[PDB]
Amino acid sequence: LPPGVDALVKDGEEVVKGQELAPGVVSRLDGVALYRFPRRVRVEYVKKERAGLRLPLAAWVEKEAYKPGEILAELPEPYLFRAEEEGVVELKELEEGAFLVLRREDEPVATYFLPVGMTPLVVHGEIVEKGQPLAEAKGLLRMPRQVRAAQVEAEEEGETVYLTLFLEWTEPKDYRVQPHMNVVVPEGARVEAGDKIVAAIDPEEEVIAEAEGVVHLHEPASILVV
Amino acid sequence: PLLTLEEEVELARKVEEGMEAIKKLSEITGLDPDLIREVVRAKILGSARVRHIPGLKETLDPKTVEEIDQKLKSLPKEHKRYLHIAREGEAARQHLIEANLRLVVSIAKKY
RNA sequence: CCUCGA
DNA sequence: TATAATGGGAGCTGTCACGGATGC
DNA sequence: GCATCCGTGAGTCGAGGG
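Structure determination for this PDB entry was carried out by X-ray crystallography, with a resolution of 2.7830 Å recorded in the header.

Encoded structure:
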């Protein structure tokens, strides 16, 4: 496998003669492909948190939970999501969508969830007071693809509804594998805090798993078809 | 074919850890480390080659290697782990020698 | 091996 | 015993008649 | 059935020189 280009099939998978394992690699036989020295290990760490959002009651779609990509609400006119606390803004951007956490001193005082179709109007570290607009919702707003809404609690207040969402998603972290190291964990294995992923010559260069996640192996040095 | 840096380092690592696993199998079994090494080696290569090793106190024949391999298969899972480590070490050692056999020619042509 | 002799 | 080292090298050919395998 | 490559034989006794 040339440097930088990735695999077009997965470790452990059956392959047929002539099936391409990569843009420049065609397998001459049939069988199980195996990875030889993946140079990049991507750990998807799973996160279960609780966030909140306020929306006009006319726009909302009542639902007990929200699958990824499912419509959360539909807005006839531009809406301004406003801060309901004061503090400093920690902006955490996902692939699509965002989390916005307000902190006063050390303890976070608010956790908001901006789905797709909601443009944050604040910067990381920004100081916000109550009623200050944190985002603009326009048109249809939907759940992002990477994150799903386990449970939905709602409260009606005035002409708006406020959602407390129990969200569950995963975030990527990549680790570059040096040749003298070796991956001691399979594909799709579940790891916890302290578990070893990739060993090495000396302890300070080892790859330990920070939190709970799943493992994915990419960019193998070569592919062994057996 | 010739070994790349990664393949070479991997095979050498497997050899090191397999020798360590043989030492651990000697610790657990109370058996002789050399007899353990010869049984793991014997099963790796095949019944084609099992002979009497000079240093061994016991004649090495398929009966004794079968008895010893069954004593090595009768241990707990975490004590059976080292048997697999040693087998992999033997196979890595074989492939390492065979992959480096061209260097011997390139050096011996000078003598 | 060679050269020489019969 | 630790830089890395990874497929050789010598190679003139002026006979002839036999059995026997090897091929077309 | 008939070309072709491989192997095995091709005087003795001397002497010397090595």
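Chemist: Explain the side chain of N182 of chain A to me, please; I cannot follow it from the model alone.
Modeler: Tracing the chain through its elements places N182 of chain A in strand β15 (residues 182–183). Note on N182 of chain A: relative accessible area 18%, which makes it buried. In contact with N182 of chain A, not counting residues within four places along its chain, are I197, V198 and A199 of chain A together with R13 of chain B.

Chemist: Sorry if this is basic, but what is going on with the pairing of strand β4 (residues 31–56) of chain A here?
Modeler: It is a general feature of regular strands that their side chains alternate between the two faces of the sheet. Residues and elements named next belong to chain A. Note that strand β1 (residues 14–15) and β4 share two bridges and pair antiparallel. The residue of β4 that forms the bridge with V15 is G31. Bridge analysis of β4 against strand β19 (residues 213–225) gives eleven bridges, and the strand direction is antiparallel. Residue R42 lies in a different strand from β19, and its bridge partner there is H216. Bridging between β4 and strand β14 (residues 160–176) involves 17 bridges; their strand directions are antiparallel. The residue of β14 that forms the bridge with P56 is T160.

Chemist: Hey, could you run me through the pattern of salt bridges in this one?
Modeler: Residues and elements named next belong to chain A. Counting across every chain of the model gives 25 salt bridges over all chains. With a closest N to O distance of 3.5 Å, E210 and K173 form a salt bridge. Remark: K173 occurs in strand β14 and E210 occurs in the loop between β18 (207–208) and β19; sequence separation between them is 37 residues. Residue classification places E210 among the partly exposed positions, given a relative accessible area of 45%. Taking relative accessible area as the criterion, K173 reaches 41% and is therefore assigned partly exposed. In this structure, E206 and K196 form a salt bridge, with 3.7 Å as the shortest nitrogen-oxygen distance.

Chemist: Before we go on, may I ask you to explain the interface of chain B and chain A in this structure?
Modeler: Many descriptions give the size of an interface as the accessible area lost when the pieces come together. Contact with chain B, which involves six residues of that partner, is made by seven residues of chain A. Summed over both sides, the interface between chain B and chain A buries roughly 630 Å², with carbon and sulfur atoms accounting for 60% of that surface. The three residues of chain B that bury the most area against chain A are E6, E10 and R13 of chain B, which together make up 66% of that side's buried surface. If you look at where chain B meets chain A, you find one salt bridge. Put simply, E10 of chain B and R36 of chain A hold a salt bridge, and the shortest N to O gap is 2.7 Å.

Chemist: Where do I start with the packing of aromatic side chains in this structure?
Modeler: All names here are of chain A. The full count for this structure, using the stated rule, is three aromatic pairs over all chains. Ring centres 4.9 Å apart and planes at 80 degrees place the aromatic pair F81 and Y112 in the edge-to-face group. With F81 in strand β6 (residues 79–82) and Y112 in strand β9 (residues 108–114), the pair connects residues that are 31 residues apart, well separated along the chain. For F81, a relative accessible area of 0% puts it in the buried group. Using a relative accessible area of 2% as the deciding quantity, one classes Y112 as buried. Judged by centre distance (5.1 Å) and plane angle (35 degrees), the ring pair of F99 and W169 falls under tilted. A residue pair is termed long-range when its members are at least 10 positions apart, and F99 in strand β8 (residues 98–103) and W169 in strand β14 qualify at 70 residues. According to the relative accessible area criterion, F99 is buried, its value standing at 6%. Members of the aromatic cluster, connected to one another through ring pairs, are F99, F113 and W169.

Chemist: I would appreciate a short explanation of the nonpolar core in the present structure.
Modeler: In globular proteins that are soluble, nonpolar side chains generally tend to be buried together. Residue and element names in this part refer to chain A. Within the largest apolar cluster, 39 residues are counted, with the highest numbers of intra-cluster contacts made by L55, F81, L100, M118 and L167. Excluding residues that lie within four positions of it along the chain, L100 makes contacts with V89, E90, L91, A110, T111, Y112, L114, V122 and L134. The next biggest cluster of nonpolar side chains, apart from the first, holds 25 residues, and it includes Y175, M181, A189 and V198.

Chemist: Help me understand the sheet that holds strand β17 (residues 196–199) of chain A, please; the structure alone is not making it clear to me.
Modeler: Across a sheet, paired strands are connected by hydrogen bonds in the backbone, their directions being either parallel or antiparallel. Residues and elements named next belong to chain A. An order of β15-β17-β18 is seen for the three strands of this open sheet, with the pairing classed as antiparallel. Two strands close off the open sheet at either side, each with one partner strand: β15 and β18. As paired elements, β15 and β17 share two bridges and run antiparallel to each other. Within the sheet, the bridge partner assigned to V183 lies in β17 and is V198.

The rules behind each value
- Residues numbered from 1 in each chain as written, not as in the entry; some residues may be left out.
- Chains lettered and ligands numbered in written order.
- Part of a larger assembly, values for the part shown.
- Heavy atoms only, no water.
- Residues with missing side-chain atoms left out of burial classes, pairs and counts.
- Helix = DSSP H or I, 4+ residues; strand = E, 2+ residues; numbered from the N terminus.
- Buried < 20%, exposed > 50% of the residue type's maximum accessible area, 1.4 Å probe, protein only.
- Contact = heavy atoms within 4.5 Å.
- Pairing = 2+ DSSP bridges.
- Salt bridge = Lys/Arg side-chain N within 4 Å of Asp/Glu carboxyl O.
- Buried area = accessible area lost by both parts, 1.4 Å probe.
- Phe/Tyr/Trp six-rings, centres within 6.5 Å; stacked < 30°, edge-to-face > 60°.
- Core = buried A, V, L, I, M, F, W, Y, C linked by side-chain atoms within 4.5 Å.

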